[PDB]
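Below sits a lone chain in C-alpha cells, taken as the form deposited in one PDB entry.
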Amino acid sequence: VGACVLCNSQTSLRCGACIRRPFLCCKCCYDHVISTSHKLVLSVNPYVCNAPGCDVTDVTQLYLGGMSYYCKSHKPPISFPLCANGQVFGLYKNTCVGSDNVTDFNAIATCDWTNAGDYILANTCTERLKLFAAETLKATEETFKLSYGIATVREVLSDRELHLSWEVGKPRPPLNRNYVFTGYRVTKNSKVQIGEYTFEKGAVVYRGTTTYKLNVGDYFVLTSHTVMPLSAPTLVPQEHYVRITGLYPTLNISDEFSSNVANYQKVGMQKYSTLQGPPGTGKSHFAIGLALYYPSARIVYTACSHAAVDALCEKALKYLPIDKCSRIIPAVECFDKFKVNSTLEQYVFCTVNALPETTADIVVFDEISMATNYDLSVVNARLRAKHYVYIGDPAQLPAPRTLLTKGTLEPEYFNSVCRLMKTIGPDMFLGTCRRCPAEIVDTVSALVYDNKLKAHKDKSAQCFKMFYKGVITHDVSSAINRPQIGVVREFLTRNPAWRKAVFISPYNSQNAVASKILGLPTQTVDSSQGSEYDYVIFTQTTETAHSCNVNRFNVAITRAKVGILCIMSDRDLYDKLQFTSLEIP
C-alpha cells in the first residue's frame, strides 16, 4: 500500500513495468496501463496468472478467480476482470480521483533519457513528478552502468600503466574521469574492493583512489548504487518575511564580509534564497561570512562533491573556531582537520548523500549547477532548516547526464534551483570578479551574465585568441587536434614565459597528446571548474555542441588569473572573445 504519484489517492497498486514501481491509484494505474506498453501491475501480490506454467502478466488479460489471478484460458467460472470500468482492481477502490491527463507521467515512465526533451519535462512537470522522474532517471543511469563489460588486468606493463582485457558481447565505457571504476581482487569464494579508479588511453593509464601492487586477474566495474525512493520536494514552499527570522545578526563585523551584509539579511528574511556566484566572485567567502554574520546560528554546509565540501572546510578553517566545526564522512581521502562525524557540532560540513537527519538555523548548499533534482530532494528530506541558501552559477557546468545525446541541456533545466535563477533571476548576485583579467570578465559578462559581471582587475594585455581549425582526428570516445597543439608548441618556443601555463581542452584525449608534446599540466574544462591558474592555454579542438557549450566556454576561460591563449575552431565564440587576435606561423 502507498500513494498515487499523480493523485496521492491512497492505493495498493504499483506498476511493475516501471523501473521505480510507483504506487498508482485504480484510476491512474488503469490510465497508465491502457495508454503505454506497461501492463504488469503489482499489489500485495503480482497481478500475474497463478496457473501452472502460463506466462500471462498483462493485467488487461487477467481475472480475480477465488483469491488468485488467472488469464482467460485458466480462469474459474466465477471471476471478475482485474482491469475494467476505467479502473484496475486493488484496495481503496472508492477513494481515487485520477487526472485530466497522465501523458507527462507516461513520458517519464517510458523515456530512455537520451533526449534533452526528457530532462526538460522532468523539470517543468508537477513537483511529485520531478521526484518520480529523478528516481526513474537515476535508477536508469545506475542500471546502464551494468550494460558495460568488466575490465580485467591481463598484464602490468609498468606502475601507473596497465593492459586490460574486456568482457566480450558488451560495450566498454568511455575512459575519462566521468567514469569512476572499482577494482576487485579474486578471492577463495568471492571478491573484495581494492579502492576506486579512473583510466585513460596509453595499454591504459590508471589514476587510483589508493596505491597498490595490483596484478593480473584484478578487474574493474563502474560501481552502481541502490537509488532510494524520494519523499521531500526539490524546493520547500517559499516564504518571505518582514523581519530577519530565527537568526541574530552580529553588531561588529569585519570589513572583509561588509559587502555581503545586505545579502546576509536577505537570507534571514526568506525561507530559501539563491546566490549566483560567477567565477572568482567569493562564493565560499560569502558562505563562511554568513556564520560570522549569524554567530549563534547552526549551519550545515553541503555540496554534491567531497571537493566542494572540502573547499568550504578550507575556507571555514581560516575564519571559524575549529572546535565548532565537524566534517561528516561515511564509513576517498577528504578534509581531516575537524573532528569527524559529529552531527551535533555547530558547523557541519558533509556531502548531500552522506547527510544525517538533523535540523539547523541555516543550510548552505554550494556548487548548485552540479546538483540534480535527486540531490535537491535528499537535502529537504535530511535537513529541516529555518533558512536554505543555494550558492552556485547556472552559467557554469552541470552534473554530466551520461545518457543524454539528442539535444543540449539549457541551465534552466539543470535543476529546480537553476530553473528559478534563469526564470525569476537569482535573489543575490556577486557582481565583482576578483580573479580574472578585464578582457576575460568583459567577455563572459556579455556572454552569459547580461553585462552585470564587473572586473576588479584591469586588462592584463596577455589575453590572446587564434582562429585555427587545423585537423580533427577521433578516437573511441574523444577528439584530438594535433595541429592546434602544434600552434601552441610554436607559441611556447616564441613565448617561453607561458610554460608556467595550465593546458585546458574539452577532451581528455587532446589533453593526453598535449601533455606528451608540451609537458604543461592538463585539465578538461569539466575537471577545471572551481580551480584557478595564472596562465591558461585552451585548444577548442572541435566546433561540436560539446566544445561550443557556452557554459563550458565560460568555465574554460575564467580559469585564468593573468593571461590566456585561446586556439579556437568555432568562428562564433572566437568573435565573442574580447582578446588580442594573433596570426598563424
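All residue numbers are counted from 1 along the displayed sequence.
Peer 1: When the other PDB entries of this protein are compared, is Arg298 left blank in at least a third of them?
Peer 2: Looking at the other entries that model residues on either side of it, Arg298 is present in every one.
Peer 1: Do a third or more of the other compared PDB entries fail to give coordinates for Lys191?
Peer 2: Across the other compared entries, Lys191 is absent from at least a third.
Peer 1: Classify the number of deposited-sequence residues missing from the model between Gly486 and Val487: none, 1 to 3, 4 to 9, or 10 or more.
Peer 2: Missing residues, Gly486 to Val487: none.
Peer 1: Does the chain run continuously from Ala331 to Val332, or are deposited residues unmodelled in between? Answer none, 1 to 3, 4 to 9, or 10 or more.
Peer 2: Gap between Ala331 and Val332: 1 to 3 residues without coordinates.
Peer 1: If you average the CA temperature factors as listed in the entry, which stretch comes out higher, 150-158 or 408-416?
Peer 2: The stretch with the larger mean CA B-factor is 150-158.
Peer 1: Between 313-321 and 173-181, which has the higher average C-alpha B-factor in the PDB entry?
Peer 2: Higher of the two, by average CA B-factor, is 173-181.
Peer 1: Would you mind checking which of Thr544, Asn45, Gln529, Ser37 has the top Cα temperature factor in the PDB entry?
Peer 2: In this record, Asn45 carries the highest C-alpha B-factor of the candidates.
Peer 1: From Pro506, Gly268, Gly431, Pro77, can you pick the one with the highest C-alpha B factor in the entry?
Peer 2: Comparing C-alpha B-factors across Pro506, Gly268, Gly431, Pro77, the top value belongs to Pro77.
Peer 1: Where does the C-alpha B-factor of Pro237 rank in its chain, lowest, middle or highest third?
Peer 2: Ranked within chain, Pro237 CA B lands in the lowest tercile.
Peer 1: Relative to the other modelled residues of the same chain, rank the CA B-factor of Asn549 and answer lowest, middle or highest third.
Peer 2: Lowest third.
Peer 1: Please say which third, lowest, middle or highest, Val56 falls into when its CA temperature factor is compared across its chain.
Peer 2: Its C-alpha B-factor belongs to the highest third of this chain's values.
Peer 1: How does the C-alpha B factor of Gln523 compare with the rest of the chain: lowest, middle or highest third?
Peer 2: According to the entry, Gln523 has a C-alpha B-factor in the chain's middle third.
Peer 1: Please rank the C-alpha B-factors of the chain's modelled residues and tell me whether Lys27 sits in the lowest, middle or highest third.
Peer 2: CA B-factor rank for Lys27: highest third.
Only in words, not in the display: the form deposited in another entry, which the text now covers.
Peer 1: Please find the hinge residue among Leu24, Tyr347, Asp375, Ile108, where one rigid part turns relative to the other between the shown form and the other one.
Peer 2: Per the C-alpha fit change, the hinge is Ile108.
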